[PDB]
Amino acid sequence: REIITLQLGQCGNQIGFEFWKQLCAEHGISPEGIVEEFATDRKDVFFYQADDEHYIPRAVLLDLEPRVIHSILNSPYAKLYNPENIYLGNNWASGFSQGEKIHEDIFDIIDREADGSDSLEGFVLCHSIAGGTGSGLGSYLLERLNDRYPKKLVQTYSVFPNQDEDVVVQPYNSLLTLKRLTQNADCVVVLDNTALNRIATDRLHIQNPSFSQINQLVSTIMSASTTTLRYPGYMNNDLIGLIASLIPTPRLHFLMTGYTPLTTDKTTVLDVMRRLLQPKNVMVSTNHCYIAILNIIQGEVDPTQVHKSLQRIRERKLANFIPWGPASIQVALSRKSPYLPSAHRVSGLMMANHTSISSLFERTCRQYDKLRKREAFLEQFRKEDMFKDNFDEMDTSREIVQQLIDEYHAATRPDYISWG
Amino acid sequence: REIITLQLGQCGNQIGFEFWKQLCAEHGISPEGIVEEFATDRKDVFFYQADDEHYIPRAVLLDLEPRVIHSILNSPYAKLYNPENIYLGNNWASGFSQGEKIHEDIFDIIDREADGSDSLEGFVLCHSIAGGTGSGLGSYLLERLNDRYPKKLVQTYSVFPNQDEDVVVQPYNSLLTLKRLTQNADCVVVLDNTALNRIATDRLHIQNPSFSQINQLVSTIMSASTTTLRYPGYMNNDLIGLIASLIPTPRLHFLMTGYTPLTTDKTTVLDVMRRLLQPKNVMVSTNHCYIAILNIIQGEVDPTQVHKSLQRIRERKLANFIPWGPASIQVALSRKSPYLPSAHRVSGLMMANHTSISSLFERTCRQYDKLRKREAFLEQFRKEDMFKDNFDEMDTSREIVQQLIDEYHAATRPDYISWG
Amino acid sequence: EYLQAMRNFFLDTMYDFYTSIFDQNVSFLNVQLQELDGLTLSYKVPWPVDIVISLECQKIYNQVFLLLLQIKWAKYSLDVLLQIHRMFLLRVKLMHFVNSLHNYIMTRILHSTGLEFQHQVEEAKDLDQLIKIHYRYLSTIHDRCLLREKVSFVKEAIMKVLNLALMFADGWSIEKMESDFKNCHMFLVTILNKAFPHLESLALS
Amino acid sequence: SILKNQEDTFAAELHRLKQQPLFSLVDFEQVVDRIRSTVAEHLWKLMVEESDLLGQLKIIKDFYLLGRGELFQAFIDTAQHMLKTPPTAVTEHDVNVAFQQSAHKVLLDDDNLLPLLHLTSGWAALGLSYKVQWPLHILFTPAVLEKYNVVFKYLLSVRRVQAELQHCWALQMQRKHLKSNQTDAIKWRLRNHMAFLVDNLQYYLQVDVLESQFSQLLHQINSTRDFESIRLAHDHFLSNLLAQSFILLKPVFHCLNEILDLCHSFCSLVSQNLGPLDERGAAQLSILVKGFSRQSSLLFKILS
């Protein structure tokens, strides 16, 4: 149906601004949202359609300690939207309490936008894990929606914070955030800072403004994942039809992504498939096996090569996945995009559930457990002191992520016939 | 099938680097491994093929006390390979013990590369006899592979150290190394420093940078011996089909080589044959008789002269070989190479088992036995002291090379009908 | 243009149409459109193209359309859901099976031959050959989706596995389903093992 | 072509011959040869370039004369069930499956789906059918491809027995390796090499026979520019392959077949020998060595 976008936090509002500029340049519209005559499309999912065809986006903007939100405010794309929804620490409990006191009027903003929609499919939020102001607040509003609406979906695109370890309560905050993510969300798409750092240092030579190019890559991914919605396809034009195959189980619902060019400034279906089989073309860093993989391709493809390719892909066994049961790769095609120069013609996007990401969770678990053994790294800030006097929510989150990692490590096994 | 290359030691990594630069310039590819459009070939034996046709070589790089390995590291051919396999005295027992402690993770590197291959034909190693860091270590990894895989072949290209005699334990180290070579390897290709010194002083006037030109000649030989693999032939495109005729016996498996131009900056099949009959065109220095000879020719040949030539080659008796039985010369043709200037059109390569090399072994035996009679030339280094307190492995190696030289001298006889 | 709209919007838009049918009258379908099974479909056909396209062709389109709706039914009905855990893995073992089916019918049949079919109809320089080339679309979509004869060896299996999409949706015993599933699966394989050449393209797993 | 251009010329020559009340063959043959020159020249002009005669001849050599040997060796790597009698109901599809699968690993991953294995041992019943430009070629006929399939059947047998013989050479790899091995109670004279030499030399002889004739064939077509001579070149080529390769039904051909049968049977012993052991294998081994000596005596009834 219709999908409502949400954005909060400094990194989330940055990537949302980049996503809307991406879809502004991508389709034939003005930076005030007037349709271009020279351009057909559906933009009714993420944009409300007006009478002069002002495709005003379904983007609710929440801010706390605004500095870059002011730069979003005075912009030549500030005529695209004005839904009148902008409403004003670096701790999880701080952002949790700040969202707690204003939950009513932001819920009025939610219900107003819900009344703006006739039907609904899902909520996306722009969020970053352990982002400071975003952390805790995002978990709180996730709790609010999960309490309010069991009839809809939530998709979440968020990055894993790694700054190569002043902030030492960051593993605690990310742990509590991911606890709410496993239990109160239905599907998670997670990425790494380090893998995008690798691809950025390979494709280019920039080190300091890396955030900006990260925003570009996030925008390309978020357009790619939505192309079968925005350009009219004929299958999985609901989100739940896309999500249904990849997630059999309500705790292992974390999805990793890839995209075939590292630098984007013929390719055949065989080439782009085997490139997409690499972890260096995947933007997330015993043998680990996928449960299921999905691929969507967009470009100038020849339809007869593709059956040749998946024949030979069976034959070489260039993937190694065996959960326990008959769940394999799903390949799909979307339109090569007009209204932009189509260079690097064929490009693919890849979506899988793989057990290896548990190791990265385990790395964070190893850090948090170490700090939990010392118990000197909450720094006795008053916010976490009010919200839990005994700090037992950290132990509850520890036992939940223990269940999660154990479910992961059992999910590797070909005896996962039971407990799936 | 597929052949995995190995390289270790200073001289071995030097000749491997020269071999890969040789096959880089020889075929139509970039120094990052991108195929040239202007170029067909098989490079699937010694290079893994990628999606942008990056022929990343099957070269595992091991280093110890790296100085020239650093120069290999920063190179415009360092984009051709990166298999992530680089892992850190001048004694046999020292290199043996250093390989002994890290045998597990280098064996993980071995098994990873084995999983990179679908099938397998053989392992080549780049090694130099009594090279210091290479010596002992190479014998140890030879023991590891001979323990691990009896299903494959090992080919070895290594030089005989002669510096015209500060290092006096060098005959002991070379003796122990060749002991492992006779008993744990299936086919050996050995060369001399002095014969390459003769050819280099004849073709040119250099004396000090002789190593560099030696590397060039080794690269030309190693390309020549592999041409029927890399350029598609139709016979002996397995290694074992090449090796099978020359070696009847598991201790006399040492193969000597020749190559027709000394200087390479018509020739008929008669001319190049009789040139190849000389020991001055052979790069290794009672009457001695070959067991069997093999020749491969590459150039602009006329196919009717070749039967005329071997008629007259019988008639003049310009070779003198009689082991005891009906094993004679084998002449073969490979493609004259495109993608390089074909000057010195017809060129041949020669592969035989000849008993004369025993004399050179005997020379080393004469040296070692002399030092063994004095027993002052191990210098009491602690490494050989730990590894053998009684130094009885030297006596065991002495009795083994005694068996080897006696097998050689009996192999000269036309009563070798038994014990063959 | 009219033929393009025909073979595009059925053989998407009909997704929303069929989702309401999960939750019947003859007039409700009309107002949804103008915005065990078998539907009533009629739309305005203009005369100068009514004489070039036969009447009986639309019936064939209707048959394969009905089967496509059943494939949509199974790919949605098992795919909306929110020992004890044992129910879930009869999801996965079955949720794959319809998907592998649905990818074959839509892409490999109803999108390959249609892409070929457009490339054929663009070359019609005559009214007469234009009628033939769509008839030679009919007779090959009639054999790819076997609707003529030997249908009692194939199509009943596709029909009987659709009952599992009702059965698993109703449950929320487990063992009585796998006993059924392995039998119909092995029956399908012991029929399908004969191979006309295209049929191994689905028999990969 | 140019035949329509000079059509009035040749019709004028013939109409001129009509007027003459005098007939001779000498004037007549020049007219028929003059027309024949142009008509054969047009076919030779089109066929070498637009139907790509020389490269298609190279492909035919690769696939029937085993001029490409990488595919048909990896083919025997992935096909060994046709050493039994075929059911002829499963195997005819299965050999094509194994063939295309072996091609899928390397080399012909883009086009040329045209070759198709045909099946009527299973290495004595397997053939091949290959498609060419059939309206454009009348120099490639079913008889020509039939004799090609006969040569294909001849060559596969040599490749097969030599591959089996080199693969059974695991004595050097394992059994004599690190083991002293009692003389003529473990080792058997190691007649593997003796059996290998007689096939390796014969292979080299076939090598010379193929390489000389194909090189002369790719030159005669360049020299001659009318179709009539091209016909003679091809009809010479085929007979030379047949007669010189000794596939032609002679006493030598029956002897060579028997040589091959002995090498195959000798492979069968050392395959099942596995570990160094006596399992009454010496009786079979004595049968083989006496048969080898008698067939070696047969080799000097051909020499004489």
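Before any of the text, the structure's been laid out above.
Analysis parameters
Residues numbered from 1 in each chain as written, not as in the entry; some residues may be left out. Chains lettered and ligands numbered in written order. Part of a larger assembly, values for the part shown. Heavy atoms only, no water. Helix = DSSP H or I, 4+ residues; strand = E, 2+ residues; numbered from the N terminus. Areas by Shrake-Rupley, 256 points an atom, 1.4 Å probe, with all protein chains shown as cover. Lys, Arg positive; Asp, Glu negative; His and termini not counted. Charge placed at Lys NZ, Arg CZ, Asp CG, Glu CD. Salt bridge = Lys/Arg side-chain N within 4 Å of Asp/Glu carboxyl O. Buried < 20%, exposed > 50% of the residue type's maximum accessible area, 1.4 Å probe, protein only. Contact = heavy atoms within 4.5 Å. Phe/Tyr/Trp six-rings, centres within 6.5 Å; stacked < 30°, edge-to-face > 60°. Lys NZ or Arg CZ within 6 Å of the ring centre and 35° of its normal. Core = buried A, V, L, I, M, F, W, Y, C linked by side-chain atoms within 4.5 Å. Patch = residues over 30% accessible without salt bridge, like charges linked within 9 Å, V, L, I, M, F, W, Y side chains within 5 Å. Pairing = 2+ DSSP bridges. Axes fitted to C-alpha atoms, helices over the stretch in contact; angles between N-to-C directions. Right-handed = clockwise from strand over helix to strand, strands pointing away. Buried area = accessible area lost by both parts, 1.4 Å probe. Polar contact = N/O pair within 3.5 Å; in protein donor to acceptor, adjacent residues only side chain to side chain. Nonpolar A, V, L, I, M, F, W, Y, C, P; charged D, E, K, R; others polar. Arc of directions from axis to C-beta. Parallel < 35°, antiparallel > 145°, perpendicular 65-115°, else oblique. Left-handed = near helix turned anticlockwise from the far one by under 90°.

Trainee: Describe the overall build of chain C, listing the residues and the values that go with them.
Mentor: Of the regular secondary structure elements, chain C holds 11 helices and zero strands. Element order for chain C, N to C, with α for helix and β for strand: α-α-α-α-α-α-α-α-α-α-α. With respect to the principal axes defined by its C-alpha atoms, chain C has extents near 65 × 45 × 25 Å. If you sum the accessible surface of chain C, you get close to 13,800 Å²; carbon and sulfur atoms cover 60% of it. On chain C, the mean spot of the 20 positive side-chain charges and the mean spot of the 22 negative ones are 6 Å from each other.

Trainee: Go over the pattern of salt bridges with me, naming the residues and quoting the values.
Mentor: Counted under the stated rule, the structure contains 38 salt bridges over all chains. A:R180 is the salt-bridge partner of A:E143, the closest N and O atoms lying 3.2 Å from each other. On the basis of relative accessibility, which here comes to 11%, the residue A:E143 falls in the buried class. Residue B:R58 pairs with B:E2 through a salt bridge whose shortest N-O separation is 4.0 Å. Across the pair, exposure class does not vary: B:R58 and B:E2 are buried alike. Each of A:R1, A:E2, A:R42, A:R58 and C:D16 takes part in one network of salt bridges that share partners.

Trainee: Account for the arrangement of the chains, naming residues and giving values.
Mentor: Highest in contacts among the four pairs of chains that touch are chains B and D. When C-alpha atoms are compared, chain B and chain C, though not in contact, are closest at a spacing of 22 Å.

Trainee: Mind laying out the packing of aromatic side chains, listing which residues take part and the relevant values?
Mentor: Scanning all chains against the criterion turns up 44 aromatic pairs over all chains. Relative to C:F65, the ring of C:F10 has its centre 5.1 Å away and its plane inclined at 70°; by these criteria the two rings are edge-to-face. By relative accessible area, which is 17% here, C:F10 ends up buried. Here C:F65 falls in the buried class, since its relative accessible area comes to 3%. Over the face of the ring belonging to D:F292 we find D:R191, whose NZ or CZ atom lies 4.4 Å from the ring centre.

Trainee: Go over the nonpolar core, please, and point to the residues and values.
Mentor: In this structure, D:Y64, D:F75, D:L117, D:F140, D:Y148 and D:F152 are the most contacted members of the largest nonpolar core, which totals 46 residues. The element that contributes the greatest number of residues to this core is helix 6 (residues 142-167) of chain D, accounting for eight residues. Contacts of D:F75, omitting those with residues within four sequence positions, involve D:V95, D:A98, D:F99, D:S102, D:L117, D:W123 and D:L126. B:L196, B:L239, B:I240 and D:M173 belong to the second largest nonpolar core, which has 42 residues in total.

Trainee: Provide a residue-level description of a positive patch on the surface, including the pertinent values.
Mentor: All names here are of chain A. A grouping of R366, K370, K373 and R374 is seen on the molecular surface, where their side chains present a positively charged patch. Tracing the chain through its elements places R366 in helix 13 (residues 357-374). The exposure class of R366 is exposed, given its relative accessible area of 55%.

Trainee: Talk me through the sheet that holds strand 9 (residues 290-298) of chain A; I want residue IDs and the actual numbers.
Mentor: Strand pairing in a sheet takes place through backbone hydrogen bonds and is either antiparallel or parallel in direction. All names here are of chain A. An order of 4-1-5-6-7-8-11-9-10 is seen for the nine strands of this open sheet, with the pairing classed as mixed. Every other strand in the sheet has two partners, leaving strand 4 (59-61) and strand 10 (330-334) as the edge strands with one partner each. Sheet twist, expressed as the mean angle between neighbouring strand axes with direction ignored, is 25°. The pairing of strand 7 (residues 187-192) with strand 8 (residues 254-259) spans two bridges and is parallel. Pairing of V189 across the sheet is with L255, part of strand 8.

Trainee: Kindly report on the pairing of strand 9 of chain A, identifying the contributing residues and their values.
Mentor: Residues and elements named next belong to chain A. Along strand 9, nine of the nine residues are buried, which leaves the element largely enclosed by surrounding structure. In terms of strand pairing, strand 9 meets strand 11 (residues 347-354) through eight bridges, oriented antiparallel. Paired with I293 across the bridge in strand 11 is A352. Strand direction decides the pairing type here: strand 9 and strand 10, joined by five bridges, are parallel. Within strand 10, the position partnered with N295 by the bridge is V331. A crossover links strand 9 with its parallel partner strand 10, the connecting element being helix 12 (residues 305-316), and its sense is right-handed.

Trainee: Describe the interface of chain B and chain D, naming the residues involved and giving the relevant values.
Mentor: Facing the 22 residues of chain B at the interface are 20 residues of chain D. A combined buried area of about 2,200 Å² lies between chain B and chain D, and 56% of that area is made up of carbon and sulfur atoms. Its largest share of buried area at the contact with chain D, chain B owes to B:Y234, B:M235 and B:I240, together 23% of the area lost on that side. At the junction of chain B with chain D, the criterion picks out one salt bridge. The partner of D:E70 in a salt bridge is B:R42, with the nearest N and O atoms 3.6 Å apart. The tally of links from chain B across to chain D stands at two residue pairs in polar contact.

Trainee: Run through the interface of chain B and chain A, naming residues and quoting values.
Mentor: Taken residue by residue, the interface counts five residues in chain B and five residues in chain A. For the salt bridge of B:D52 with A:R275, the shortest nitrogen-to-oxygen distance reads 3.2 Å. If you look at where chain B meets chain A, you find five residue pairs in polar contact. Its residues assigned to classes, the side of chain B that touches chain A shows two nonpolar, one polar and two charged.

Trainee: How would you sum up helix 4 (residues 70-77) of chain D? Please name residues and give values.
Mentor: All of the buried residues along helix 4 of chain D are D:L71, D:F72 and D:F75. In an axial view of helix 4 of chain D, the angular spread of the buried residues amounts to 90°, which keeps them on one side of the axis.

Trainee: Describe the packing of helix 3 (residues 92-101) of chain B against helix 5 (residues 137-148) of chain B, listing the residues and the values that go with them.
Mentor: Residues and elements named next belong to chain B. Taken N-terminus to C-terminus, the directions of helix 3 and helix 5 make an angle of 45°; their axes are 7 Å apart at the nearest point. One way to sum up the angle between helix 3 and helix 5 is to call them oblique. Two secondary-structure elements touch here, helix 3 through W92, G95, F96, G99 and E100 and helix 5 through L137, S139, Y140 and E143. Along the lines of polarity and charge, the residues of the contact of helix 3 with helix 5 split into four nonpolar, three polar and two charged.

Trainee: How would you summarise the packing of helix 1 (residues 10-26) of chain B against helix 8 (residues 210-230) of chain B if you had to cite specific residues and measurements?
Mentor: To describe two helices that pack against each other, one gives the angle between their axes and the distance between the axes. Residues and elements named next belong to chain B. Where helix 1 meets helix 8, the axes come as close as 9 Å, and the angle between the chain directions of the two elements is 55°. On the basis of their axis angle, the class for helix 1 and helix 8 is oblique. For the crossing formed where helix 1 meets helix 8, the hand is right-handed. Counting all contacts with helix 1, which are made through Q14, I15, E18, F19, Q22, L23 and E26, the residues of helix 8 involved are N215, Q216, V218, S219, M222, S223, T226 and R230.

The quantities given are spatial measurements derived from coordinates; they are silent on function.
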